[PDB]
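work16.pdb (PDB, C-alpha atoms)
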```
ATOM      1  CA  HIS A 254     -12.122 -13.667 -46.811  1.00  0.00           C
ATOM      2  CA  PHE A 255     -12.595 -16.768 -49.086  1.00  0.00           C
ATOM      3  CA  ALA A 256     -15.453 -18.740 -47.462  1.00  0.00           C
ATOM      4  CA  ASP A 257     -14.338 -21.631 -49.668  1.00  0.00           C
ATOM      5  CA  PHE A 258     -11.387 -22.217 -51.976  1.00  0.00           C
ATOM      6  CA  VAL A 259     -10.255 -25.115 -54.154  1.00  0.00           C
ATOM      7  CA  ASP A 260      -6.661 -24.459 -55.163  1.00  0.00           C
ATOM      8  CA  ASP A 261      -7.054 -21.648 -57.706  1.00  0.00           C
ATOM      9  CA  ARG A 262     -10.386 -20.906 -59.222  1.00  0.00           C
ATOM     10  CA  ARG A 263     -13.666 -22.283 -57.889  1.00  0.00           C
ATOM     11  CA  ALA A 264     -13.769 -20.246 -54.698  1.00  0.00           C
ATOM     12  CA  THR A 265     -16.705 -18.557 -52.978  1.00  0.00           C
ATOM     13  CA  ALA A 266     -16.391 -15.236 -51.183  1.00  0.00           C
ATOM     14  CA  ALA A 267     -18.158 -13.969 -48.088  1.00  0.00           C
ATOM     15  CA  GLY A 268     -17.930 -10.540 -46.509  1.00  0.00           C
ATOM     16  CA  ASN A 269     -16.060 -10.120 -43.261  1.00  0.00           C
ATOM     17  CA  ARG A 270     -17.675  -9.888 -39.851  1.00  0.00           C
ATOM     18  CA  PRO A 271     -18.853  -6.382 -38.886  1.00  0.00           C
ATOM     19  CA  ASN A 272     -16.509  -4.977 -36.248  1.00  0.00           C
ATOM     20  CA  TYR A 273     -17.425  -1.650 -34.652  1.00  0.00           C
ATOM     21  CA  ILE A 274     -14.504  -0.042 -32.812  1.00  0.00           C
ATOM     22  CA  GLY A 275     -15.267   3.109 -30.860  1.00  0.00           C
ATOM     23  CA  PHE A 276     -14.762   4.488 -27.378  1.00  0.00           C
ATOM     24  CA  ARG A 277     -16.409   2.982 -24.324  1.00  0.00           C
ATOM     25  CA  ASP A 278     -19.695   3.947 -22.747  1.00  0.00           C
ATOM     26  CA  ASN A 279     -19.178   7.130 -20.663  1.00  0.00           C
ATOM     27  CA  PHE A 280     -15.444   6.914 -21.557  1.00  0.00           C
ATOM     28  CA  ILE A 281     -14.836   4.086 -19.118  1.00  0.00           C
ATOM     29  CA  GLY A 282     -11.142   3.272 -19.018  1.00  0.00           C
ATOM     30  CA  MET A 283      -9.945   6.587 -20.425  1.00  0.00           C
ATOM     31  CA  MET A 284      -8.978   7.648 -16.903  1.00  0.00           C
ATOM     32  CA  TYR A 285      -7.078   5.735 -14.216  1.00  0.00           C
ATOM     33  CA  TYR A 286      -9.587   5.199 -11.430  1.00  0.00           C
ATOM     34  CA  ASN A 287      -8.715   2.723  -8.640  1.00  0.00           C
ATOM     35  CA  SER A 288      -5.152   2.162  -9.871  1.00  0.00           C
ATOM     36  CA  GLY A 289      -2.982   2.548  -6.762  1.00  0.00           C
ATOM     37  CA  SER A 290       0.253   2.618  -8.772  1.00  0.00           C
ATOM     38  CA  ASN A 291      -0.822   5.824 -10.544  1.00  0.00           C
ATOM     39  CA  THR A 292      -3.668   7.920  -9.100  1.00  0.00           C
ATOM     40  CA  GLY A 293      -4.930  11.482  -9.259  1.00  0.00           C
ATOM     41  CA  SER A 294      -3.841  14.279  -6.964  1.00  0.00           C
ATOM     42  CA  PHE A 295      -6.396  17.068  -6.597  1.00  0.00           C
ATOM     43  CA  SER A 296      -5.186  19.258  -3.732  1.00  0.00           C
ATOM     44  CA  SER A 297      -4.222  22.781  -2.854  1.00  0.00           C
ATOM     45  CA  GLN A 298      -0.790  24.079  -3.674  1.00  0.00           C
ATOM     46  CA  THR A 299       2.050  23.069  -1.374  1.00  0.00           C
ATOM     47  CA  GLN A 300       1.008  19.498  -2.106  1.00  0.00           C
ATOM     48  CA  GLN A 301       1.434  17.972   1.337  1.00  0.00           C
ATOM     49  CA  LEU A 302      -1.699  15.828   0.950  1.00  0.00           C
ATOM     50  CA  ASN A 303      -4.154  15.096  -1.844  1.00  0.00           C
TER      51      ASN A 303
ATOM     52  CA  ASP B   2      -2.217  13.618  21.001  1.00  0.00           C
ATOM     53  CA  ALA B   3      -4.125  10.638  19.600  1.00  0.00           C
ATOM     54  CA  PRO B   4      -6.326   8.327  21.696  1.00  0.00           C
ATOM     55  CA  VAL B   5      -6.197   4.579  21.310  1.00  0.00           C
ATOM     56  CA  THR B   6      -8.706   2.331  19.550  1.00  0.00           C
ATOM     57  CA  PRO B   7     -10.791   0.168  21.896  1.00  0.00           C
ATOM     58  CA  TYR B   8     -10.321  -3.587  21.995  1.00  0.00           C
ATOM     59  CA  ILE B   9     -13.492  -5.355  20.858  1.00  0.00           C
ATOM     60  CA  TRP B  10     -14.368  -8.817  22.130  1.00  0.00           C
ATOM     61  CA  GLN B  11     -14.855 -12.074  20.244  1.00  0.00           C
ATOM     62  CA  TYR B  12     -17.794 -14.276  21.218  1.00  0.00           C
ATOM     63  CA  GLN B  13     -17.559 -17.974  20.450  1.00  0.00           C
ATOM     64  CA  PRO B  14     -21.088 -19.295  19.795  1.00  0.00           C
ATOM     65  CA  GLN B  15     -20.359 -22.830  20.957  1.00  0.00           C
ATOM     66  CA  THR B  16     -19.295 -23.016  24.666  1.00  0.00           C
ATOM     67  CA  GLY B  17     -20.200 -19.337  25.155  1.00  0.00           C
ATOM     68  CA  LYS B  18     -16.637 -18.355  26.091  1.00  0.00           C
ATOM     69  CA  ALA B  19     -14.754 -15.300  24.863  1.00  0.00           C
ATOM     70  CA  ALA B  20     -12.216 -16.050  22.123  1.00  0.00           C
ATOM     71  CA  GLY B  21      -9.770 -13.237  22.776  1.00  0.00           C
ATOM     72  CA  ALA B  22      -9.977  -9.589  21.818  1.00  0.00           C
ATOM     73  CA  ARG B  23      -8.589  -7.700  18.831  1.00  0.00           C
ATOM     74  CA  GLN B  24      -8.590  -3.968  18.322  1.00  0.00           C
ATOM     75  CA  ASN B  25     -11.423  -2.283  16.476  1.00  0.00           C
ATOM     76  CA  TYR B  26     -10.189  -1.942  12.961  1.00  0.00           C
ATOM     77  CA  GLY B  27     -13.030  -1.606  10.525  1.00  0.00           C
ATOM     78  CA  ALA B  28     -14.357   1.409  12.434  1.00  0.00           C
ATOM     79  CA  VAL B  29     -11.362   3.720  12.008  1.00  0.00           C
ATOM     80  CA  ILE B  30     -11.583   7.201  10.496  1.00  0.00           C
ATOM     81  CA  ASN B  31      -8.987   7.648   7.744  1.00  0.00           C
ATOM     82  CA  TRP B  32      -7.415  10.928   8.862  1.00  0.00           C
ATOM     83  CA  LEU B  33      -4.293  10.526   6.685  1.00  0.00           C
ATOM     84  CA  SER B  34      -5.135  13.495   4.422  1.00  0.00           C
ATOM     85  CA  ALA B  35      -6.390  16.021   6.965  1.00  0.00           C
ATOM     86  CA  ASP B  36      -4.754  19.312   7.920  1.00  0.00           C
ATOM     87  CA  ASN B  37      -4.236  20.578  11.478  1.00  0.00           C
ATOM     88  CA  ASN B  38      -7.878  21.700  11.713  1.00  0.00           C
ATOM     89  CA  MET B  39      -9.676  18.559  10.525  1.00  0.00           C
ATOM     90  CA  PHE B  40      -7.275  16.401  12.566  1.00  0.00           C
ATOM     91  CA  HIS B  41      -8.449  18.121  15.737  1.00  0.00           C
ATOM     92  CA  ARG B  42     -12.076  17.522  14.747  1.00  0.00           C
ATOM     93  CA  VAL B  43     -11.452  13.845  13.977  1.00  0.00           C
ATOM     94  CA  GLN B  44      -9.486  13.180  17.159  1.00  0.00           C
ATOM     95  CA  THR B  45     -12.233  14.880  19.179  1.00  0.00           C
ATOM     96  CA  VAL B  46     -14.852  12.309  18.150  1.00  0.00           C
ATOM     97  CA  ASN B  47     -12.277   9.632  18.862  1.00  0.00           C
ATOM     98  CA  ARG B  48     -11.941  11.070  22.366  1.00  0.00           C
ATOM     99  CA  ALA B  49     -15.748  11.126  22.527  1.00  0.00           C
ATOM    100  CA  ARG B  50     -16.178   7.408  21.837  1.00  0.00           C
ATOM    101  CA  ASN B  51     -13.498   6.512  24.369  1.00  0.00           C
ATOM    102  CA  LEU B  52     -15.254   8.675  26.961  1.00  0.00           C
ATOM    103  CA  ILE B  53     -18.458   6.723  26.321  1.00  0.00           C
ATOM    104  CA  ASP B  54     -16.590   3.421  26.642  1.00  0.00           C
ATOM    105  CA  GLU B  55     -14.892   4.430  29.899  1.00  0.00           C
ATOM    106  CA  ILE B  56     -18.313   5.123  31.403  1.00  0.00           C
TER     107      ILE B  56
END
```
If you convert what's in this file into structure tokens, what do you get?
Amino acid sequence: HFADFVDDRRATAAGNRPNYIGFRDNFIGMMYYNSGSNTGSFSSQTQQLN
Amino acid sequence: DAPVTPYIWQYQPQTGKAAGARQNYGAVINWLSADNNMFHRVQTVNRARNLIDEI
């Protein structure tokens, strides 16, 4: 990403910062827990109450 | 078929008087997802704690 640069030629490079992007620990945030707008509904059939 | 929650008192530490009485929220069983069989079990132990308080 051009650590230095003077106008065309006498520039010095440096490698970019290491950036690891993966999933979270234990897949935190994959699943809506404690989000009252949109929850889960394990129940029997005839879903009168979860 | 539901008993009432008992009114708990408020003690004021200065002057020693009683500062009113609110009902006992914070000790309420959330029965709002119980069928007709668990609702009778929950409202039995609510009728048990009122029977202790009436004594």
List every residue of chain A that has an atom at most 9 Å from any atom of chain B, and for each one report the closest atom pair and its distance in Å to one decimal, counting all atoms listed in the file, with rows sorted by chain and then by increasing residue number, as JSON lines.
```
{"residue": "A:301", "atom": "CA", "partner": "B:34", "partner_atom": "CA", "distance": 8.5}
{"residue": "A:302", "atom": "CA", "partner": "B:34", "partner_atom": "CA", "distance": 5.4}
{"residue": "A:303", "atom": "CA", "partner": "B:34", "partner_atom": "CA", "distance": 6.5}
```
Evaluated on this file, the PyMOL selection byres ((chain A and resi 267) around 12) picks out some residues - which ones are they, written as a PyMOL selection string? chain A and resi 254-258+264-266+268-271
Could you check how far atom CA of residue A:300 sits from atom CA of residue A:286, in Å to one decimal? 20.1 Å
Could you give me, as a ChimeraX atom specification, the residues within 7 Å of stretch 20-29 of chain B, counting only C-alpha atoms and dropping anything in the same chain fewer than 4 positions from it? /B:6-13
How about saving the chosen residues, C-alpha atoms kept, as a PDB file, in the coordinates of the input?
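Below you can see out.pdb, which holds the result:
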```
ATOM      1  CA  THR B   6      -8.706   2.331  19.550  1.00  0.00           C
ATOM      2  CA  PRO B   7     -10.791   0.168  21.896  1.00  0.00           C
ATOM      3  CA  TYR B   8     -10.321  -3.587  21.995  1.00  0.00           C
ATOM      4  CA  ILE B   9     -13.492  -5.355  20.858  1.00  0.00           C
ATOM      5  CA  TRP B  10     -14.368  -8.817  22.130  1.00  0.00           C
ATOM      6  CA  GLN B  11     -14.855 -12.074  20.244  1.00  0.00           C
ATOM      7  CA  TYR B  12     -17.794 -14.276  21.218  1.00  0.00           C
ATOM      8  CA  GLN B  13     -17.559 -17.974  20.450  1.00  0.00           C
TER       9      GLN B  13
END
```
Kindly give the distance, in Å, that separates atom CA of residue B:42 and atom CA of residue A:298, rounded to a single decimal. 22.6 Å
List, as a PyMOL selection string, every residue that the PyMOL selection byres ((chain B and resi 3) around 10) selects in the file provided. chain B and resi 2+4-6+40-41+43-45+47-48
